[PDB]
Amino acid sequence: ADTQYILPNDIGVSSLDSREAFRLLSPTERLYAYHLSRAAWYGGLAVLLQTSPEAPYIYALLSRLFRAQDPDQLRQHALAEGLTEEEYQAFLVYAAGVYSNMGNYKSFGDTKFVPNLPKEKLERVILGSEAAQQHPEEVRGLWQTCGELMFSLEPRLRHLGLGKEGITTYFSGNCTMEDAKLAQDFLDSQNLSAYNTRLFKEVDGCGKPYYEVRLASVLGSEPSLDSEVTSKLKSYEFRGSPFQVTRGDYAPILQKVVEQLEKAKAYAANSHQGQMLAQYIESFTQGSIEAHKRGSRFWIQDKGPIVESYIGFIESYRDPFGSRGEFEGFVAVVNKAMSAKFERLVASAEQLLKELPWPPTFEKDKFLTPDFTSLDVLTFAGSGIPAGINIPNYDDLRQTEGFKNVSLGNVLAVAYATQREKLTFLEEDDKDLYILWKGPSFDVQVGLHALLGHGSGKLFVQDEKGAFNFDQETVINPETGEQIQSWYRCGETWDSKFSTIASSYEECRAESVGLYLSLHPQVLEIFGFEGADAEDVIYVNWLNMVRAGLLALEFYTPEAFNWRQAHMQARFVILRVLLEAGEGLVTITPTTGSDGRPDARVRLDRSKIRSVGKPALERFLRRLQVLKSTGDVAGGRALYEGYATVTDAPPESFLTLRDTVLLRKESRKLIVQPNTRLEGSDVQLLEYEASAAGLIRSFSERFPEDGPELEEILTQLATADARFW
C-alpha cells in the first residue's frame, strides 16, 4: 500500500534500452547526438527552477553528496550513522525521484514527495558525509536552506498551483489566477508568447502591484544585434497596471545549452538541421519565440531523419494557468522498422480524417502529410517521459505548414508486459484478455492520439482586419444551425483562450478520436489486427479507457476541486460520457477483494460498444470540436467542467471510490537513461542498473565536465529569486 507524498522503496525502475539503435549510428551521427544530448541535459536543469523554490538547492545537495560518495560508499557512512538499510533505501529512492522529475514534485500528478525517513537521521548522514568534509560551508548552507522544505507537507505545499493553497515558480508566491489572467491579456495584446516567460508581482510602498514578465534568454539588459526582443524590453501600462518585460532567465544554463547546440550544428546532416539549430540558438540567446518558431519551421521539413530531436519550452501542462512552457529536449534514433506502420497510417490518414464526426469546414484546409516515426530514446531531459508526442505546439504552423508525430518505441516497451497479480479494478474474465492485448492496444491508441487526434481540427481565426481564414457566409455551426459567431482574434491561441482547461480539453478530444477511430478495421489492419484479434484489441482498448477513468481519481484534489493531470482528467470525462449513455454499457461496482480491503469492479458490455458507445462518443466528439474551433470558452468550460465534476452521487459514488483508488494505487515507474561519452573522436554509450542507485549514478556521470559548476549556477539562480516565495 502506497503512501501519499511518499515514493515507495519498491518503486519500479526500468532502464531505457538503447544499445542497438546507438550501434547503428555513424561517427558523425553519434557526435551529433552527443552534443544535442548535452544541450538537453543542460537545459533540463532549468526544470528545477520551474518546479519549486527548494528544488534547485536539493539537486545541488544531492549532486554534491553523490559526487564525493557513490550510493555504495554513502551506504557505509549512512549505516554507520544509525540508518537502517530500509531508511537508506528510502533516501536513494527520493534522490532518484528528484533526478527523474527534476524537482521534488511529480511531473505526472504535480504532488510533492518527501524522503521516507527521519529528518534528523538524514541530517547526520549529510553533515557527516565526505562532501561535507570537503566543503562544510556550502553543505551546511544547502541543508539549512532546503532541509525544512524537503520534508514539509503543509497543505499549501502538497500540490502545484497558484494562490495561497499551492506552490508554483512560474509565478511569485503572491500571484493568483486573476494576476495570471491579466498577464495573459497583456501578453496577447503585445503578441508576446508566454512559452518562455514567468510572471513576478512585487508591491510598492503604496501597495500597488508591479508586474514583471521575464523572458528566458542568455542575454540580459545589455544591448545586442537583435531588435525584436530588444524593443520589447521596456515598461508598459496595461489597464492601470505597470508591466515590465525583462529577459535573462536561466541565463548561465541556456549559455551551456547554446554551446552544445552550436557544436552539434557542425555535425548536422542537412541544411534543415543546420538552420533549425541556428534559430534555436537565436531563441535561447535573445529570448525570441519567433526564432524558435522559425527553427521549428525548418524542423518539420526535416522528414524522416536518422537522429530526430526537439528542444525548448514546449509543453504547458505544469503551468497552473496553462500557457507557460516547461523546458524539455530529446534525442532519439528513428527505428526504421517500427516506423513502417506509422507512415502507413499517414498514407491513409487524409481519408480517415473524413470519418470524424464533424464537417470539413471544421477540419484543416489541407492535409499536410506529417512525418510519423517510431523512436528509440537516447536522451529525454526534463521532468518526465511521454509515450508519444505531437509537435510543434504552434497551431499556426500545424494548420498551414505541417507538424510531426513520434511514438517513443523503447518507452512503450517498458509498460508492455503486464502482471496479473497486480491488475486492479478488472473482472477476472477480462484479466487474461487485458494482459494479452494491453500492449498492442495502446500502440494503436498512441498512433491515433497524435496523428488523428492532435493533428486534426481547424481553428477559426480572424486577423487584425476583417479577413477570416474561413468563409463565414457558407460555414454553418452543426450544433445550432447558425453561422459562426465566435472565433480566435489576433494574438489569441488555444492556451490563452481556454487557459486552465486547455490541456485536458484537448487530450480528451484526442483520446476520444483514438477510441472512435479504433473501431475502423483499416486502422487495425495497418497495425496488424484482423478478424477475431481485431475485435479483441477494440474491446481491450475500450476496457482500458474505462478502467483508466476510475484510476484517474488518484489525480483529483477534492479539497481544491481541481484536477492535477490533464490526460487522466480527460479519461475520467470519457468514462462519464460512456456512463451517461446508460444502456448497461458501463457499470462501476464497489466490492471487497481477497485483500479484505475495499475494492471495485468495472464491467464493459462488448456487444454494446458500437450500438451505444460509438454514437454517444460521436455526439460528444462533435461538441468538443465545435466549441474548440470557435473558441467558445464559456461553452467549452460549461461542457467539459460538467463531466469533469467529481461527486459522491449514486450509483458510482466517485468520491468514495477515490479512497479505494488511492488505497490500491501503483506508483509510476522511474526511468534510467543512458549517457554518451566522448573520447576525443569516438563516442561510447554508458548504461546503468535498473535501480534507484543506478538512476543516481546516471546523473553523477551526466556532467563530468562542469558538474560542480552547475551546482553553483543553480544555487545562484535560486537565491536571486528567493524573495518571490
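Position 1 is the first residue in the sequence shown; the rest follow in order. If you superpose the two forms and keep the largest set of C-alpha atoms that fall within 1.5 Å, you have the rigid core.
- Superposing the other copies on the rigid core and comparing 393-401 to 72-80, farther C-alpha placement in 5 other deposited structures of this protein marks 393-401.
- The higher RMS C-alpha distance to the shown form in 5 other deposited structures of this protein, out of 362-370 and 617-625, belongs to 362-370, with every structure fitted on the core.
- Stretch comparison (141-149 versus 605-613) by mean CA B-factor in the PDB entry places 605-613 on top.
- Look at the mean CA B-factor for 439-447 and for 385-393 in the entry; the higher one is 439-447.
- Listed residues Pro252, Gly549, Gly220, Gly491 were ranked by CA B-factor as deposited; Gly491 comes out on top.
- Taking the PDB entry at face value, the top CA B factor among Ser323, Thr285, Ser189, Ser512 belongs to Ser189.
- In this PDB entry, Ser691 carries a Cα temperature factor that places it within the lowest third of its chain's modelled residues.
- When the modelled residues of the chain are ordered by their C-alpha B factor, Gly466 lands in the highest third.
- When all modelled residues of the chain are sorted by CA temperature factor, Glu427 is found within the highest third.
- The PDB entry assigns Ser271 a C-alpha temperature factor belonging to the highest third of its chain's modelled residues.
- Among the modelled residues of its chain, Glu20 has a C-alpha B-factor that falls in the highest third, as given in the PDB entry.
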